[PDB]
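Presented below is the structure to which this report refers.
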2 protein chains.
Amino acid sequence: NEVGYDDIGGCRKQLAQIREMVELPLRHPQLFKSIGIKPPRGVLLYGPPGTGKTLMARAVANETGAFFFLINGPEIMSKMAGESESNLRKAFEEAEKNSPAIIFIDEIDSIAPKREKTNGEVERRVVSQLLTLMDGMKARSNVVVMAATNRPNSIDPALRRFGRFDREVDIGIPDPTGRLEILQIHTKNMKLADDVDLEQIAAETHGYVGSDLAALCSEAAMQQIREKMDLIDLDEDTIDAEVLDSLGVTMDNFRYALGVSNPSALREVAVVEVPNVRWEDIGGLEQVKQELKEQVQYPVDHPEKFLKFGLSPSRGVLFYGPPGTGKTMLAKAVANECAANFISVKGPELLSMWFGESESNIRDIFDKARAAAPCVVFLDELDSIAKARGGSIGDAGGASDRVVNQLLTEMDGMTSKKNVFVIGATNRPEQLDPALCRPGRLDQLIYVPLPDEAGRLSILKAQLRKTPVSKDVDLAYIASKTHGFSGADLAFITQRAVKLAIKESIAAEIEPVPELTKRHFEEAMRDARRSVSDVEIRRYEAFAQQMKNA
Amino acid sequence: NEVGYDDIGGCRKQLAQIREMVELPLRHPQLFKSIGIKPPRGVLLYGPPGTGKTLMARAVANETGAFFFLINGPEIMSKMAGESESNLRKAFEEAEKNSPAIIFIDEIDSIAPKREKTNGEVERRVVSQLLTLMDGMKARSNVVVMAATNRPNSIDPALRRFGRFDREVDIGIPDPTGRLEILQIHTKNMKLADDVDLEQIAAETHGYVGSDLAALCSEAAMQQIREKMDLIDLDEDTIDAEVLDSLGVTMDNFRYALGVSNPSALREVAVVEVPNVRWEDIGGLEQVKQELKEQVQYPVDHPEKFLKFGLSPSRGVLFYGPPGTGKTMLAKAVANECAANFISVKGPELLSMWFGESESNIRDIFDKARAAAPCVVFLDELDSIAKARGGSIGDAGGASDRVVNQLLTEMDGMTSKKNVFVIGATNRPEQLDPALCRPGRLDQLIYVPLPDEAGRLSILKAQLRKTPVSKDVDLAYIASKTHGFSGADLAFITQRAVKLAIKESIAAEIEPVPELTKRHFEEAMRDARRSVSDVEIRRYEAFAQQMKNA
Ligand SMILES: Nc1ncnc2c1ncn2[C@@H]1O[C@H](COP(=O)(O)OP(=O)(O)OP(O)(O)=S)[C@@H](O)[C@H]1O
Ligand SMILES: Nc1ncnc2c1ncn2[C@@H]1O[C@H](COP(=O)(O)OP(=O)(O)OP(O)(O)=S)[C@@H](O)[C@H]1O
Ligand SMILES: Nc1ncnc2c1ncn2[C@@H]1O[C@H](COP(=O)(O)OP(=O)(O)OP(O)(O)=S)[C@@H](O)[C@H]1O
Ligand SMILES: Nc1ncnc2c1ncn2[C@@H]1O[C@H](COP(=O)(O)OP(=O)(O)OP(O)(O)=S)[C@@H](O)[C@H]1O
Ligand SMILES: [Mg+2]
Ligand SMILES: [Mg+2]
Ligand SMILES: [Mg+2]
Ligand SMILES: [Mg+2]
């Protein structure tokens, strides 16, 4: 119940920050005294809910030799009027007494909402009590104030101003590497069986917080007990120890526990996440591959030539082309190359968060990408922004609405020195306003054509990298016959053909064929159907000839 | 008044959960101690109102040897300021005193609304009192907190976060099997007559909660007394016992009680319910029957071939075709085959719940289907979503509105590993945006043609399975003459012909004839009228030739 550094894992970069911010001024205040700067007393934690934010507090606090004081958000708000503000005054006097001191406040937004958006003056006093007492502190006190929340936007920003809270520290969703470590934290207390592959689990878990993983560990434990319920009689007052020794959680319990309701995660926000697709997994289009190698990889790798040449680059890249051409995966593979952070934002994600009005988060998309620089910001489904008013034809309203007017501010509100990059992608590029296509905003426009038969060969090579295909498969004879078919169409054929294979596989199981026959294919090849009209392409090829007329 | 397990019935799977969650840590805390996990102290009950949620609390609580404490929602809110929060502190100290303890809180939303949507700070204190005192508990306390509500969305979600309430337990509407059991619970105390067939009643009751059934039992009792009111004089101070012995409730009292006012149920929500129609009840269209056997039955039966083949399936199926082609029943019969759970959602059900703004429920549609996985989510009347803005022509607004932008998020917010399935059905498929028809969202598109005369034969065989038809009935001669007539038209003819039969049946009464004559038919056959123009079909057949051009 007392937390060390080993009890938390995965968010190493974040803990590297806090040790510089909290561990460093306390065990060595002389360093800031020798260099002659002020120690930051404004450490702020934030992130998604249930992400160890309370856990990382004591992970730092118990690893000091400093005094610690604890404040809960609702504990002060539970108290009566006046007495609640007394405890804050009782808090800081003890911390300024025991001068090496740590003040952590969990759920800071409950005692500090926006003063504009609040009703009770008792809430307004305790905010005003907090704003007063933060400034009443001293640098000679050597007392560090920590605060955590899950809603960094609901806070009164006067705290987030200078002198009170300056150190915005986000706790992001961990990678499969770091969440593997988190599983090892919870399972090292657990009693498992030898079949348990956490690395298989951590690969199969993608958007989970540690609370989801701890519930995941707690869930598969229960199913292990459910298997033993036949051997366990509940009318007994104590079960025997032999079933306790056999109580070892199987890998299949986690396979059970991956398909249950725990696995509903918290992924419905504006997330930053490193991608997984690469250049080999996208067949063909090597010209625009190198164009991204030109336009976005050269700044993130070498800003030195720019200051050599005195020229800031174009930060605005627009993808366009026919639909179903893998334009979503393109920005993921290039962020996976130069290891930049990645933020996927779709069209209705703007709108559905604006039926709930999350537009500071839209600014925070740029801010977190500024916080996670180098980062690329990917705007999927830009036609949906036009389809917020139906289209450019639409309900007579064009692409421009409150979304565009927000984005044009935030795209122009980006420093050109920043390597934070914005990637736009649509399939209906005529149906977007040129105000967003304005130079400085989005001036690079990249057409994504259909592949040729060599590209369609390279896709079918790349798509079937994980499939047990047959040996007689002439993909080139497929690539000969597939001409007008998109890369989405080719994957759609394989989804048909695998379904045709399962119409042989479990059909034989009810009557292992791990091979995808020509008979599986020539049925789907006869059933093959083109999804893109060539007269639609003649539009895009005229745009590929010239869209700069606009 | 003291409730055992036998006093509740029907929701066996839910009680199987709670015994794992409440009975299991209390009579054997050693199991979680031996396996080394934390016992969940966050049991939350929810469901429709009047569904035994208060009843199942004591059904668990009286079946422990544990201490129990009771909290009512409005009882705390009835109290004065400060004193109300005192009783919560007085609650948990007694439970942490008597350490095997059960804390049930009925109507948790009354003491815990959303802190964003509330006015009194006294409400905000008692929420803050609750959030504090939940975290003040210990695992060594071995104290379980139960809470029930009928509005799971009105709660402050900080309770529903980790450490406070993790175990979301829904109490669904029971099947006719389980509600049969509920009738036997109430009637075993009652004095009935021998004509009483609860199984006939439980078949005839479809969307009732146990409160509706208990009112149903109480209603037919009163009509039984109404029959005895001639033998009962109210000026008497005590009626004789002979009418008490004859006071036995008839089956016809329930036949009276089924048509009364009670039978208004609570069915106006997003419900999950297993269907009843099967493949035999839908004549013809065996091709798209097998297509559903391919596309949706293979994943729900065998995910093993997918991980064999490394390919996630297409989770998005769109039904389309001309109107009145039985497309509503298609998703019901396939959920009845592979025993998956079923959620019927119509078009205006989205809209009418969004004039009252129930969109978390729209997310909870996917969440409850995730809770009731395997489940299929059926979206009836997708043209109505377009008709929210009139159509795609409409009021110049297309299909896209706040509904689509919500659904595109929630459809994309589904894990591909989940067997939770989404089934779309419209009759105006041109009038829907391709953004919803996007691959990953809804890529399987299934045309539903009119049947042939053999299909029209199979329908008239299937529709007349429960009708006392005549013996001279040449359905093929009907099927010869019925050519352009839909399956809805054929049922419409029978509704005419039965009305023509009742224009012979009770006409002969006014002057058993349980046969549907050719004379009943050839009148309706002469009165037969086609509902679908063939030029409308030539649209759909061109879509059936090619809609992939979009
Ligand atoms: N990354 C993680 N590593 C280990 N345990 C974790 C992690 N994330 C969450 N947990 C566990 O889940 C709990 C989440 O509790 P809290 O940190 O209080 O939640 P939070 O992160 O503070 O956000 P709140 O409390 O909902 S505002 C932790 O106390 C741990 O028990
Ligand atoms: N050339 C291609 N190579 C590999 N995969 C492709 C290719 N074209 C399409 N796909 C796949 O088909 C889907 C289309 O990806 P997206 O880029 O999202 O489609 P889009 O071109 O953006 O247009 P929409 O409206 O989103 S379908 C993805 O699952 C891709 O993996
Ligand atoms: N499934 C059921 N089985 C047996 N009796 C039931 C069932 N559902 C409701 N009842 C009866 O109806 C009463 C309604 O009380 P509860 O349903 O427990 O209250 P609730 O479920 O919390 O819903 P509220 O009070 O309207 S929010 C119960 O006390 C039972 O007598
Ligand atoms: N092939 C069929 N087999 C059996 N019943 C059918 C058939 N076609 C239509 N019906 C009946 O016709 C009615 C129409 O059902 P629905 O699915 O609602 O019709 P639809 O095709 O979905 O178009 P609408 O707009 O709902 S009328 C139902 O009562 C069906 O039982
Ligand atoms: Mg917290
Ligand atoms: Mg796309
Ligand atoms: Mg109740
Ligand atoms: Mg219908």
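Naming works like this for the structure tokens: A, B, ... for the chains as they're shown, residue 1 at the start of each chain, ligands 1 onward in shown order.
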> Please, which residues have at least one atom within 6 Å of an atom of ligand 4, using only C-alpha atoms and all ligand atoms, listed as a PyMOL selection string?
Replying inline: chain B and resi 282-283+323-329+459+486-488
Serialized selection, N, CA and C atoms, as an mmCIF file, in the first residue's frame:
data_model
loop_
_atom_site.group_PDB
_atom_site.id
_atom_site.type_symbol
_atom_site.label_atom_id
_atom_site.label_comp_id
_atom_site.auth_asym_id
_atom_site.auth_seq_id
_atom_site.Cartn_x
_atom_site.Cartn_y
_atom_site.Cartn_z
ATOM 1 N N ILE B 282 -39.669 -17.204 -42.723
ATOM 2 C CA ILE B 282 -39.350 -16.286 -43.801
ATOM 3 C C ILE B 282 -39.170 -17.126 -45.050
ATOM 4 N N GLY B 283 -40.115 -17.018 -45.977
ATOM 5 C CA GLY B 283 -40.089 -17.828 -47.174
ATOM 6 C C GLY B 283 -39.170 -17.221 -48.221
ATOM 7 N N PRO B 323 -39.314 -1.443 -50.349
ATOM 8 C CA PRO B 323 -40.010 -1.517 -49.063
ATOM 9 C C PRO B 323 -40.925 -2.724 -48.982
ATOM 10 N N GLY B 324 -41.266 -3.083 -47.747
ATOM 11 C CA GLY B 324 -42.196 -4.165 -47.499
ATOM 12 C C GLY B 324 -41.696 -5.524 -47.908
ATOM 13 N N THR B 325 -40.404 -5.784 -47.744
ATOM 14 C CA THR B 325 -39.815 -7.049 -48.144
ATOM 15 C C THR B 325 -39.291 -7.842 -46.959
ATOM 16 N N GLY B 326 -39.842 -7.608 -45.771
ATOM 17 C CA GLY B 326 -39.542 -8.441 -44.625
ATOM 18 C C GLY B 326 -38.152 -8.248 -44.084
ATOM 19 N N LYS B 327 -37.538 -7.099 -44.373
ATOM 20 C CA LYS B 327 -36.158 -6.860 -43.977
ATOM 21 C C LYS B 327 -36.027 -6.700 -42.475
ATOM 22 N N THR B 328 -37.118 -6.335 -41.807
ATOM 23 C CA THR B 328 -37.114 -6.257 -40.357
ATOM 24 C C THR B 328 -36.940 -7.632 -39.734
ATOM 25 N N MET B 329 -37.595 -8.644 -40.289
ATOM 26 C CA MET B 329 -37.566 -9.958 -39.671
ATOM 27 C C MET B 329 -36.277 -10.706 -39.931
ATOM 28 N N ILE B 459 -43.805 -18.123 -48.904
ATOM 29 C CA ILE B 459 -44.302 -17.147 -47.944
ATOM 30 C C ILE B 459 -45.713 -17.500 -47.514
ATOM 31 N N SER B 486 -45.667 -7.983 -53.280
ATOM 32 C CA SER B 486 -44.630 -8.207 -52.288
ATOM 33 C C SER B 486 -45.090 -9.221 -51.246
ATOM 34 N N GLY B 487 -44.155 -9.610 -50.376
ATOM 35 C CA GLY B 487 -44.514 -10.452 -49.251
ATOM 36 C C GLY B 487 -45.407 -9.739 -48.261
ATOM 37 N N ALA B 488 -45.275 -8.416 -48.172
ATOM 38 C CA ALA B 488 -46.230 -7.625 -47.417
ATOM 39 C C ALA B 488 -47.594 -7.636 -48.081
#
Contacts from chain A to chain B, 6 Å maximum, only C-alpha atoms: show me the residue list as a CSV table (one decimal) with C-alpha atoms, in the first residue's frame.
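out14.csv written:
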chain,number,residue,atom,x,y,z
A,74,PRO,CA,-14.0,15.6,-2.7
A,75,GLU,CA,-12.8,15.4,0.9
A,77,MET,CA,-15.9,19.5,-0.8
A,78,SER,CA,-17.5,17.1,1.6
A,190,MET,CA,-0.7,-13.2,-8.7
A,191,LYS,CA,-0.3,-16.9,-9.0
A,261,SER,CA,-16.7,-6.2,-20.9
A,348,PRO,CA,-17.1,13.4,-37.1
A,352,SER,CA,-19.4,14.5,-32.1
A,390,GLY,CA,-23.8,18.3,-46.3
A,395,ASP,CA,-27.6,22.2,-47.4
A,466,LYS,CA,0.1,-12.8,-42.5
A,467,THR,CA,-2.2,-15.2,-44.4
A,531,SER,CA,-15.9,0.2,-56.7
A,532,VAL,CA,-14.6,3.2,-58.5
A,533,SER,CA,-16.0,4.6,-61.7
Surroundings of ligand 8 up to 12 Å, based on only C-alpha atoms and all ligand atoms, as an MDAnalysis selection string
chainID B and resid 319:332 344:347 378:384 424:428 448 487:488
What does the file look like for those residues with C-alpha atoms, as an mmCIF file, in the first residue's frame?
data_model
loop_
_atom_site.group_PDB
_atom_site.id
_atom_site.type_symbol
_atom_site.label_atom_id
_atom_site.label_comp_id
_atom_site.auth_asym_id
_atom_site.auth_seq_id
_atom_site.Cartn_x
_atom_site.Cartn_y
_atom_site.Cartn_z
ATOM 1 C CA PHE B 319 -29.728 -4.486 -45.899
ATOM 2 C CA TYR B 320 -31.471 -2.756 -48.754
ATOM 3 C CA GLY B 321 -34.167 -3.259 -51.323
ATOM 4 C CA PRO B 322 -37.730 -2.231 -52.031
ATOM 5 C CA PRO B 323 -40.010 -1.517 -49.063
ATOM 6 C CA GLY B 324 -42.196 -4.165 -47.499
ATOM 7 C CA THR B 325 -39.815 -7.049 -48.144
ATOM 8 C CA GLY B 326 -39.542 -8.441 -44.625
ATOM 9 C CA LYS B 327 -36.158 -6.860 -43.977
ATOM 10 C CA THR B 328 -37.114 -6.257 -40.357
ATOM 11 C CA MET B 329 -37.566 -9.958 -39.671
ATOM 12 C CA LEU B 330 -34.290 -10.981 -41.290
ATOM 13 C CA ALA B 331 -32.012 -9.829 -38.483
ATOM 14 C CA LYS B 332 -34.378 -11.310 -35.927
ATOM 15 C CA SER B 344 -33.883 -3.506 -32.424
ATOM 16 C CA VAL B 345 -33.418 0.209 -33.045
ATOM 17 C CA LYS B 346 -35.662 2.065 -35.451
ATOM 18 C CA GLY B 347 -35.061 5.401 -37.138
ATOM 19 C CA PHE B 378 -30.208 -3.765 -35.759
ATOM 20 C CA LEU B 379 -30.828 -0.320 -37.201
ATOM 21 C CA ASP B 380 -34.299 -0.278 -38.684
ATOM 22 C CA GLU B 381 -35.543 2.521 -40.940
ATOM 23 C CA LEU B 382 -32.297 4.184 -41.953
ATOM 24 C CA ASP B 383 -34.245 6.385 -44.363
ATOM 25 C CA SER B 384 -35.748 8.042 -41.272
ATOM 26 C CA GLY B 424 -28.296 -1.794 -41.046
ATOM 27 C CA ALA B 425 -31.488 -1.914 -43.072
ATOM 28 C CA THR B 426 -33.201 0.625 -45.275
ATOM 29 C CA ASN B 427 -35.422 0.696 -48.301
ATOM 30 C CA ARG B 428 -33.964 3.934 -49.729
ATOM 31 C CA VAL B 448 -33.498 -7.893 -50.849
ATOM 32 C CA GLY B 487 -44.514 -10.452 -49.251
ATOM 33 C CA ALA B 488 -46.230 -7.625 -47.417
#
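Going from atom CA of residue A:101 over to atom CA of residue A:1, you cover 20.6 Å.
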For this session: Would you please extract all strand (DSSP E) residues from stretch 197-360 of chain B, as assigned by DSSP on the backbone, and give them as a VMD selection string?
Result: chain B and resid 316 to 320 341 to 345
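Compared by their closest atoms to residue B:437, and using only C-alpha atoms, the residues B:201, B:423, B:180, B:318 rank with B:318 nearest.
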request  = Could you give me the residues within stretch 184-338 of chain B that DSSP places in alpha helix (DSSP H), as JSON, numbers by chain?
outcome  = {"B": [184, 185, 186, 187, 198, 199, 200, 201, 202, 203, 204, 210, 211, 212, 213, 214, 215, 216, 217, 218, 219, 220, 221, 222, 223, 224, 225, 226, 242, 243, 244, 245, 251, 252, 253, 254, 255, 256, 257, 286, 287, 288, 289, 290, 291, 292, 298, 299, 300, 301, 304, 305, 306, 307, 308, 309, 327, 328, 329, 330, 331, 332, 333, 334, 335, 336, 337]}
Discussion item. Please find the residues contacting ligand 1 at a distance of at most 8 Å between atoms, with only C-alpha atoms and all ligand atoms counted, and report them as a PyMOL selection string.
Written reply: (chain A and resi 7-11+47-56+106-107+148-151+174+179+182+185-186+209-214) or (chain B and resi 158+161-163)
Judged by only C-alpha atoms and all ligand atoms, the minimum distance to ligand 2 among A:356, A:449, A:263, A:178 is found for A:449
Between B:480, B:360, B:297, B:470, smallest distance to residue B:420 by only C-alpha atoms belongs to B:297
Legend entry - Who sits within 12 Å of residue B:204, only C-alpha atoms, same chain under 2 positions skipped, as a PyMOL selection string: chain B and resi 175-177+179-180+197-202+206-208+213+254-255+257-259+263
Export N, CA, C and O atoms of the chosen residues as an mmCIF file, in the first residue's frame?
data_model
loop_
_atom_site.group_PDB
_atom_site.id
_atom_site.type_symbol
_atom_site.label_atom_id
_atom_site.label_comp_id
_atom_site.auth_asym_id
_atom_site.auth_seq_id
_atom_site.Cartn_x
_atom_site.Cartn_y
_atom_site.Cartn_z
ATOM 1 N N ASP B 175 -37.045 -13.028 -20.277
ATOM 2 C CA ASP B 175 -37.668 -13.769 -21.353
ATOM 3 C C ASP B 175 -39.030 -14.297 -20.894
ATOM 4 O O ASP B 175 -39.349 -14.248 -19.703
ATOM 5 N N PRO B 176 -39.861 -14.811 -21.811
ATOM 6 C CA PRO B 176 -41.078 -15.509 -21.369
ATOM 7 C C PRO B 176 -40.828 -16.735 -20.517
ATOM 8 O O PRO B 176 -41.720 -17.118 -19.752
ATOM 9 N N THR B 177 -39.648 -17.341 -20.600
ATOM 10 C CA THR B 177 -39.305 -18.405 -19.672
ATOM 11 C C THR B 177 -39.143 -17.866 -18.261
ATOM 12 O O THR B 177 -39.732 -18.395 -17.311
ATOM 13 N N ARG B 179 -40.058 -14.931 -16.969
ATOM 14 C CA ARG B 179 -41.208 -14.261 -16.391
ATOM 15 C C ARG B 179 -42.306 -15.246 -16.038
ATOM 16 O O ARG B 179 -43.156 -14.925 -15.204
ATOM 17 N N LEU B 180 -42.294 -16.433 -16.649
ATOM 18 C CA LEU B 180 -43.140 -17.525 -16.185
ATOM 19 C C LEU B 180 -42.819 -17.883 -14.748
ATOM 20 O O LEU B 180 -43.725 -18.072 -13.929
ATOM 21 N N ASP B 197 -53.544 -20.995 -16.552
ATOM 22 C CA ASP B 197 -52.351 -21.394 -17.282
ATOM 23 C C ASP B 197 -51.427 -20.189 -17.295
ATOM 24 O O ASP B 197 -51.595 -19.276 -18.108
ATOM 25 N N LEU B 198 -50.443 -20.203 -16.399
ATOM 26 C CA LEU B 198 -49.437 -19.153 -16.393
ATOM 27 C C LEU B 198 -48.577 -19.209 -17.641
ATOM 28 O O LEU B 198 -48.101 -18.172 -18.113
ATOM 29 N N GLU B 199 -48.376 -20.409 -18.182
ATOM 30 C CA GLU B 199 -47.580 -20.562 -19.389
ATOM 31 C C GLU B 199 -48.276 -19.927 -20.576
ATOM 32 O O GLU B 199 -47.624 -19.361 -21.461
ATOM 33 N N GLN B 200 -49.604 -20.006 -20.605
ATOM 34 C CA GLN B 200 -50.350 -19.247 -21.592
ATOM 35 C C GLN B 200 -50.219 -17.758 -21.341
ATOM 36 O O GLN B 200 -50.094 -16.978 -22.289
ATOM 37 N N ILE B 201 -50.202 -17.355 -20.072
ATOM 38 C CA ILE B 201 -50.028 -15.949 -19.742
ATOM 39 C C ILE B 201 -48.626 -15.490 -20.101
ATOM 40 O O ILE B 201 -48.448 -14.471 -20.774
ATOM 41 N N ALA B 202 -47.615 -16.265 -19.695
ATOM 42 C CA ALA B 202 -46.226 -15.868 -19.905
ATOM 43 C C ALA B 202 -45.864 -15.820 -21.378
ATOM 44 O O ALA B 202 -44.990 -15.044 -21.778
ATOM 45 N N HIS B 206 -44.922 -9.982 -22.929
ATOM 46 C CA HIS B 206 -43.714 -9.943 -23.742
ATOM 47 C C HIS B 206 -42.711 -8.904 -23.261
ATOM 48 O O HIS B 206 -41.499 -9.120 -23.340
ATOM 49 N N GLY B 207 -43.197 -7.771 -22.782
ATOM 50 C CA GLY B 207 -42.290 -6.728 -22.365
ATOM 51 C C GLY B 207 -42.568 -6.249 -20.963
ATOM 52 O O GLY B 207 -42.421 -5.062 -20.669
ATOM 53 N N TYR B 208 -42.961 -7.155 -20.080
ATOM 54 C CA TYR B 208 -43.354 -6.743 -18.744
ATOM 55 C C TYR B 208 -42.195 -6.939 -17.791
ATOM 56 O O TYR B 208 -41.407 -7.878 -17.930
ATOM 57 N N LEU B 213 -45.967 -7.639 -13.755
ATOM 58 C CA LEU B 213 -46.555 -8.950 -13.546
ATOM 59 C C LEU B 213 -47.201 -9.047 -12.175
ATOM 60 O O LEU B 213 -48.236 -9.702 -12.017
ATOM 61 N N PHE B 254 -57.411 -13.241 -15.738
ATOM 62 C CA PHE B 254 -56.172 -12.808 -16.367
ATOM 63 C C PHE B 254 -56.404 -12.400 -17.807
ATOM 64 O O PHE B 254 -55.716 -11.509 -18.316
ATOM 65 N N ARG B 255 -57.359 -13.047 -18.476
ATOM 66 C CA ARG B 255 -57.756 -12.599 -19.801
ATOM 67 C C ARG B 255 -58.393 -11.225 -19.726
ATOM 68 O O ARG B 255 -58.199 -10.391 -20.617
ATOM 69 N N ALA B 257 -57.440 -9.292 -17.199
ATOM 70 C CA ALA B 257 -56.324 -8.492 -16.723
ATOM 71 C C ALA B 257 -55.258 -8.277 -17.781
ATOM 72 O O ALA B 257 -54.363 -7.460 -17.571
ATOM 73 N N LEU B 258 -55.327 -8.964 -18.906
ATOM 74 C CA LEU B 258 -54.365 -8.681 -19.952
ATOM 75 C C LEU B 258 -54.795 -7.514 -20.826
ATOM 76 O O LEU B 258 -53.955 -6.923 -21.508
ATOM 77 N N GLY B 259 -56.067 -7.146 -20.805
ATOM 78 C CA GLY B 259 -56.523 -6.101 -21.694
ATOM 79 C C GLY B 259 -56.727 -4.778 -20.995
ATOM 80 O O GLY B 259 -57.073 -3.779 -21.626
ATOM 81 N N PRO B 263 -51.155 -3.704 -18.192
ATOM 82 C CA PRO B 263 -50.493 -4.087 -19.447
ATOM 83 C C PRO B 263 -49.780 -3.005 -20.256
ATOM 84 O O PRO B 263 -48.979 -3.357 -21.124
#
Atom pair atom CA of residue B:445 + atom CA of residue B:287, distance 13.6 Å
Correct to one decimal, the distance atom CA of residue A:358-atom CA of residue A:13 is 27.6 Å
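Take the candidates B:60, B:146, B:340, B:436 and check each one against ligand 2 using only C-alpha atoms and all ligand atoms; the shortest distance goes to B:436.
For residue A:231, the set of protein, DNA and RNA residues having any atom at most 10 Å away, when counting only C-alpha atoms and skipping those fewer than 6 positions along the same chain, is residues 225, 239, 240 and 243 of chain A.
When only C-alpha atoms are used to measure the gap to residue A:164, the shortest distance among A:375, A:343, A:137, A:100 belongs to A:137.
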